[PDB]
Each structure stands twice: as C-alpha cells, then as structure tokens.
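Engineer: Just dropping this structure here.
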Amino acid sequence: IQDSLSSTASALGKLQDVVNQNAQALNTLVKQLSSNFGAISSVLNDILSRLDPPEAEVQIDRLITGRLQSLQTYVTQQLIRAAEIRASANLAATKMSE
Amino acid sequence: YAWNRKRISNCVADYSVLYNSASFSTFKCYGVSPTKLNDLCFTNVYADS
C-alpha cells in the first residue's frame with residue numbers, strides 16, 4: 001500500500017476533485033466581475049467618475065443586478081455541494097464507528 | 001457629407017470654459033457628463049466640423 005500510494009496519484013482523485021470543484025466555481029465567480037451585463041463598463045469607480053448620479057444609476061442597476069444574480073447562483077452551488085459533502089461525512093462517521 | 005476629421009492629443013483640455021460657454025445652442029454629452037468632463041484623461045480625441 002505504501003508503494004501503491006507513493007507511485008500512483010489517482011487514488012486521491014476524490015479529494016483532489018472536491019478541491020478543484022470549489023476552486024473552479026470560485027474562479028468563475030471572481031471572473032464574473034469582468035462581465036458587463038449590458039453596462040457601459042465593468043468598473044464601478046469608472047462609472048462613478050464618468051457620469052452623474054441621475055445618470056450613473058442606470059448602469060449601476062445593471063452591475064448590481066448581474067453581480068447579485070451571479071453571487072446567489074454560486075451560493076446555491078456551494079450549499080448543494082455542502083449538502084452532498086455532509087452526506088459523505090455522515091457515511092464516513094458510520095464507517096469509523098462501525 | 002464632407003465632414004472634416006480632426007485629431008487632438010498631447011495637451012491639456014479645459015472643457016470647463018466650453019461648458020460655461022452657454023452661447024452654444026446644442027451642448028450635449030452621451031458617454032460622459034459635462035460636469036465630470038474636466039477630470040478625465042483619454043488616449044486621444046477626434047473632432048469634426
């Protein structure tokens with residue numbers, strides 16, 4: 001077994017998979033800030049520095065709408081994965097106890 | 001149809017006086033607010049007459 005683990009790294013795919021999944025989802029969430037959602041630009045400060053309050057609001061509305069919508073979607077993925085992982089955790093606990 | 005094309009760059013721009021020049025009938029901005037005009041830096045500008 002010591003040799004098997006030392007040579008082959010495919011055994012730990014499951015744990016590697018979970019870490020990759022969370023990293024992937026987070027990266028997409030981070031990347032989403034680069035999106036425009038039909039706005040003039042995707043830099044909040046730039047919009048504040050170009051238009052005026054009665055004019056910059058519409059752009060912000062799209063930025064907030066898109067960004068807020070993206071966040072909850074990521075939140076949903078996390079908890080669903082958490083729902084799965086927690087189920088896995090309970091199974092492991094029984095294996096430990098049993 | 002023969003609208004002139006002009007280029008301006010490598011200089012400082014004072015739109016405040018131009019904004020204060022209310023003599024112009026049509027002084028409208030779309031991508032920017034004239035109030036904020038005097039506080040932005042640009043790669044270059046194009047002017048037509």
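Here, A, B, ... name the chains of the structure tokens in the order displayed, residue numbers run from 1 inside each chain, and ligands are numbered from 1 in the same displayed order.
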Near residue 48 of chain A, counting only C-alpha atoms, which residues have an atom at most 12 Å away, once you skip same-chain residues fewer than 2 positions from it, shown as a ChimeraX atom specification?
Structural biologist: /A:40-46,50-60 /B:32-33,36,39-40
Engineer: With N, CA and C atoms retained, write the just-selected residues as a tab-separated table (two decimals), in the first residue's frame.
Structural biologist:
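Final file, result.tsv:
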```tsv
chain	number	residue	atom	x	y	z
A	40	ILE	N	-22.16	50.13	-19.59
A	40	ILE	CA	-21.14	50.86	-20.34
A	40	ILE	C	-19.76	50.28	-20.07
A	41	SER	N	-19.48	49.93	-18.82
A	41	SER	CA	-18.21	49.34	-18.45
A	41	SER	C	-18.40	48.55	-17.17
A	42	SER	N	-17.40	47.73	-16.84
A	42	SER	CA	-17.45	46.83	-15.70
A	42	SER	C	-16.46	47.25	-14.61
A	43	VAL	N	-16.35	48.55	-14.37
A	43	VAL	CA	-15.52	49.09	-13.30
A	43	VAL	C	-16.37	50.12	-12.57
A	44	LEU	N	-16.78	49.80	-11.34
A	44	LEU	CA	-17.72	50.65	-10.62
A	44	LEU	C	-17.17	52.07	-10.48
A	45	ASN	N	-15.90	52.19	-10.11
A	45	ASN	CA	-15.32	53.52	-9.91
A	45	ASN	C	-15.33	54.32	-11.21
A	46	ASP	N	-15.05	53.66	-12.33
A	46	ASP	CA	-15.03	54.37	-13.61
A	46	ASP	C	-16.39	54.97	-13.93
A	50	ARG	N	-17.40	59.05	-14.45
A	50	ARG	CA	-17.74	59.50	-15.80
A	50	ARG	C	-19.10	60.17	-15.88
A	51	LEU	N	-20.13	59.53	-15.35
A	51	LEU	CA	-21.49	60.05	-15.42
A	51	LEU	C	-21.82	60.82	-14.15
A	52	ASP	N	-23.09	61.17	-13.99
A	52	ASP	CA	-23.60	61.89	-12.84
A	52	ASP	C	-24.66	61.06	-12.14
A	53	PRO	N	-24.98	61.36	-10.89
A	53	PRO	CA	-25.83	60.47	-10.08
A	53	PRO	C	-27.12	60.13	-10.80
A	54	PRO	N	-27.86	61.13	-11.30
A	54	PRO	CA	-29.08	60.82	-12.05
A	54	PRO	C	-28.83	60.15	-13.39
A	55	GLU	N	-27.57	59.87	-13.73
A	55	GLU	CA	-27.22	59.19	-14.97
A	55	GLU	C	-26.41	57.92	-14.74
A	56	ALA	N	-25.58	57.87	-13.70
A	56	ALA	CA	-24.82	56.66	-13.41
A	56	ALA	C	-25.68	55.58	-12.78
A	57	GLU	N	-26.85	55.93	-12.24
A	57	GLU	CA	-27.65	54.95	-11.51
A	57	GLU	C	-28.05	53.79	-12.41
A	58	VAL	N	-28.45	54.08	-13.65
A	58	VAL	CA	-28.94	53.02	-14.53
A	58	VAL	C	-27.85	51.98	-14.76
A	59	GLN	N	-26.62	52.43	-15.02
A	59	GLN	CA	-25.53	51.48	-15.21
A	59	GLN	C	-25.32	50.65	-13.95
A	60	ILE	N	-25.28	51.30	-12.79
A	60	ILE	CA	-25.10	50.57	-11.54
A	60	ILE	C	-26.19	49.53	-11.38
B	32	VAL	N	-20.38	60.69	-21.35
B	32	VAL	CA	-19.82	61.35	-20.18
B	32	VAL	C	-20.72	62.52	-19.81
B	33	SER	N	-20.62	62.94	-18.56
B	33	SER	CA	-21.32	64.13	-18.09
B	33	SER	C	-20.42	65.35	-18.23
B	36	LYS	N	-18.30	66.21	-15.16
B	36	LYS	CA	-17.13	65.38	-14.93
B	36	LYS	C	-16.12	65.46	-16.06
B	39	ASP	N	-12.23	66.18	-15.57
B	39	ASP	CA	-11.46	65.36	-14.64
B	39	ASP	C	-11.22	63.96	-15.19
B	40	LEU	N	-11.07	63.83	-16.51
B	40	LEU	CA	-10.82	62.54	-17.14
B	40	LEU	C	-9.67	62.66	-18.13
```
Engineer: Please identify all polymer residues within 8 Å of residue 5 of chain B, counting only C-alpha atoms, omitting same-chain residues fewer than 5 positions from it, and present them as a PDB file with N, CA and C atoms, in the first residue's frame.
Structural biologist:
```pdb
ATOM      1  N   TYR B  46     -11.111  62.925 -31.133  1.00  0.00           N
ATOM      2  CA  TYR B  46     -11.387  63.261 -32.521  1.00  0.00           C
ATOM      3  C   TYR B  46     -12.429  64.365 -32.569  1.00  0.00           C
ATOM      4  N   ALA B  47     -12.201  65.344 -33.439  1.00  0.00           N
ATOM      5  CA  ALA B  47     -13.099  66.476 -33.601  1.00  0.00           C
ATOM      6  C   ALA B  47     -13.504  66.594 -35.061  1.00  0.00           C
ATOM      7  N   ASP B  48     -14.780  66.893 -35.289  1.00  0.00           N
ATOM      8  CA  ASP B  48     -15.325  67.041 -36.629  1.00  0.00           C
ATOM      9  C   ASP B  48     -16.063  68.366 -36.725  1.00  0.00           C
ATOM     10  N   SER B  49     -16.069  68.938 -37.926  1.00  0.00           N
ATOM     11  CA  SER B  49     -16.703  70.223 -38.176  1.00  0.00           C
ATOM     12  C   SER B  49     -17.536  70.149 -39.445  1.00  0.00           C
TER      13      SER B  49
END
```
Engineer: Mind listing the strand (DSSP E or B) residues of chain B, per DSSP on the backbone, as number ranges by chain?
Structural biologist: B: 5-8, 45-48
Engineer: Could the residues in this selection be written to a file with N, CA, C and O atoms, as a short mmCIF file (atom, residue, chain, number, x, y, z; two decimals), in the first residue's frame?
Structural biologist:
```cif
data_model
loop_
_atom_site.label_atom_id
_atom_site.label_comp_id
_atom_site.auth_asym_id
_atom_site.auth_seq_id
_atom_site.Cartn_x
_atom_site.Cartn_y
_atom_site.Cartn_z
N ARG B 5 -12.46 65.82 -40.48
CA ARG B 5 -11.91 65.00 -39.41
C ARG B 5 -10.69 65.70 -38.83
O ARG B 5 -9.79 66.10 -39.57
N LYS B 6 -10.67 65.85 -37.51
CA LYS B 6 -9.56 66.49 -36.82
C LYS B 6 -9.11 65.63 -35.66
O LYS B 6 -9.91 64.92 -35.04
N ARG B 7 -7.81 65.70 -35.36
CA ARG B 7 -7.20 64.93 -34.30
C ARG B 7 -6.54 65.87 -33.30
O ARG B 7 -5.92 66.86 -33.69
N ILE B 8 -6.68 65.56 -32.02
CA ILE B 8 -6.05 66.32 -30.95
C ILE B 8 -5.48 65.35 -29.93
O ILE B 8 -6.11 64.34 -29.60
N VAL B 45 -8.47 62.12 -28.82
CA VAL B 45 -9.80 62.60 -29.14
C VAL B 45 -9.88 62.91 -30.62
O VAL B 45 -8.87 63.12 -31.30
N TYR B 46 -11.11 62.93 -31.13
CA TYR B 46 -11.39 63.26 -32.52
C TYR B 46 -12.43 64.37 -32.57
O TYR B 46 -13.42 64.33 -31.83
N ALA B 47 -12.20 65.34 -33.44
CA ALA B 47 -13.10 66.48 -33.60
C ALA B 47 -13.50 66.59 -35.06
O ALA B 47 -12.68 66.41 -35.96
N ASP B 48 -14.78 66.89 -35.29
CA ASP B 48 -15.32 67.04 -36.63
C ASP B 48 -16.06 68.37 -36.73
O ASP B 48 -16.61 68.86 -35.74
#
```
Engineer: Identify, on the basis of only C-alpha atoms, every residue whose closest approach to residue 14 of chain A does not exceed 12 Å; exclude the query and any residue fewer than 5 positions from it along the same chain; express the result as a PyMOL selection string.
Structural biologist: chain A and resi 9+19-21+85+88
Engineer: Between atom CA of residue 12 of chain B and atom CA of residue 41 of chain B, measure the distance and give it in Å to one decimal.
Structural biologist: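 Spanning atom CA of residue 12 of chain B to atom CA of residue 41 of chain B is a straight-line distance of 9.1 Å.
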Engineer: Between atom CA of residue 64 of chain A and atom CA of residue 35 of chain B, what is the spacing in Å?
Structural biologist: 24.6 Å
Engineer: Could you name the residues that touch segment 14-23 of chain B at 7 Å or less, counting only C-alpha atoms, but leaving out those on the same chain fewer than 2 positions away, as a ChimeraX atom specification?
Structural biologist: /B:12,25,34,37-38
Engineer: Could you save those same residues with N, CA and C atoms as an mmCIF file, in the first residue's frame?
Structural biologist:
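What follows is the written file part02.cif:
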```cif
data_model
loop_
_atom_site.group_PDB
_atom_site.id
_atom_site.type_symbol
_atom_site.label_atom_id
_atom_site.label_comp_id
_atom_site.auth_asym_id
_atom_site.auth_seq_id
_atom_site.Cartn_x
_atom_site.Cartn_y
_atom_site.Cartn_z
ATOM 1 N N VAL B 12 -3.368 69.497 -22.653
ATOM 2 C CA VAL B 12 -4.315 69.564 -21.546
ATOM 3 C C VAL B 12 -5.592 70.217 -22.052
ATOM 4 N N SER B 25 -25.965 76.498 -28.727
ATOM 5 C CA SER B 25 -27.339 76.031 -28.577
ATOM 6 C C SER B 25 -27.382 74.582 -28.107
ATOM 7 N N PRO B 34 -20.923 66.475 -18.757
ATOM 8 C CA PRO B 34 -20.046 67.648 -18.905
ATOM 9 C C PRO B 34 -19.451 68.116 -17.593
ATOM 10 N N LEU B 37 -16.429 66.181 -17.132
ATOM 11 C CA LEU B 37 -15.545 66.207 -18.291
ATOM 12 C C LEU B 37 -14.145 66.669 -17.917
ATOM 13 N N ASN B 38 -14.044 67.661 -17.039
ATOM 14 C CA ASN B 38 -12.773 68.292 -16.718
ATOM 15 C C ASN B 38 -11.926 67.473 -15.755
#
```
Engineer: Tell me, in Å to one decimal, how far atom CA of residue 68 of chain A is from atom CA of residue 39 of chain A.
Structural biologist: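 Answer for the atom CA of residue 68 of chain A to atom CA of residue 39 of chain A separation: 14.5 Å.
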Engineer: If you run DSSP on this backbone, which residues of chain B come out as alpha helix (DSSP H), and could you give them as a CSV table (one decimal) with N, CA, C and O atoms, in the first residue's frame?
Structural biologist:
```csv
chain,number,residue,atom,x,y,z
B,15,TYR,N,-12.4,71.8,-20.7
B,15,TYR,CA,-13.8,71.8,-21.1
B,15,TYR,C,-14.7,72.7,-20.2
B,15,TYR,O,-15.8,72.9,-20.5
B,16,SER,N,-14.2,73.1,-19.1
B,16,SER,CA,-15.0,74.0,-18.2
B,16,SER,C,-15.5,75.2,-18.8
B,16,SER,O,-16.6,75.6,-18.8
B,17,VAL,N,-14.5,75.9,-19.5
B,17,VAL,CA,-14.9,77.2,-20.2
B,17,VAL,C,-15.9,76.8,-21.3
B,17,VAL,O,-16.8,77.6,-21.6
B,18,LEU,N,-15.6,75.7,-22.0
B,18,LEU,CA,-16.5,75.3,-23.1
B,18,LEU,C,-17.9,75.1,-22.6
B,18,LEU,O,-18.9,75.4,-23.1
B,19,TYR,N,-18.0,74.4,-21.4
B,19,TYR,CA,-19.3,74.2,-20.8
B,19,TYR,C,-19.9,75.5,-20.3
B,19,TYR,O,-21.1,75.7,-20.5
B,20,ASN,N,-19.1,76.4,-19.7
B,20,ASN,CA,-19.6,77.7,-19.3
B,20,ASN,C,-20.1,78.5,-20.5
B,20,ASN,O,-20.8,79.4,-20.3
B,34,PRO,N,-20.9,66.5,-18.8
B,34,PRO,CA,-20.0,67.6,-18.9
B,34,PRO,C,-19.5,68.1,-17.6
B,34,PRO,O,-18.4,68.7,-17.6
B,35,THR,N,-20.1,67.9,-16.5
B,35,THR,CA,-19.6,68.3,-15.2
B,35,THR,C,-18.3,67.5,-14.9
B,35,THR,O,-17.3,68.1,-14.4
B,36,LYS,N,-18.3,66.2,-15.2
B,36,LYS,CA,-17.1,65.4,-14.9
B,36,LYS,C,-16.1,65.5,-16.1
B,36,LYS,O,-15.0,64.9,-15.9
B,37,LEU,N,-16.4,66.2,-17.1
B,37,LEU,CA,-15.5,66.2,-18.3
B,37,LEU,C,-14.1,66.7,-17.9
B,37,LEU,O,-13.2,66.1,-18.4
```
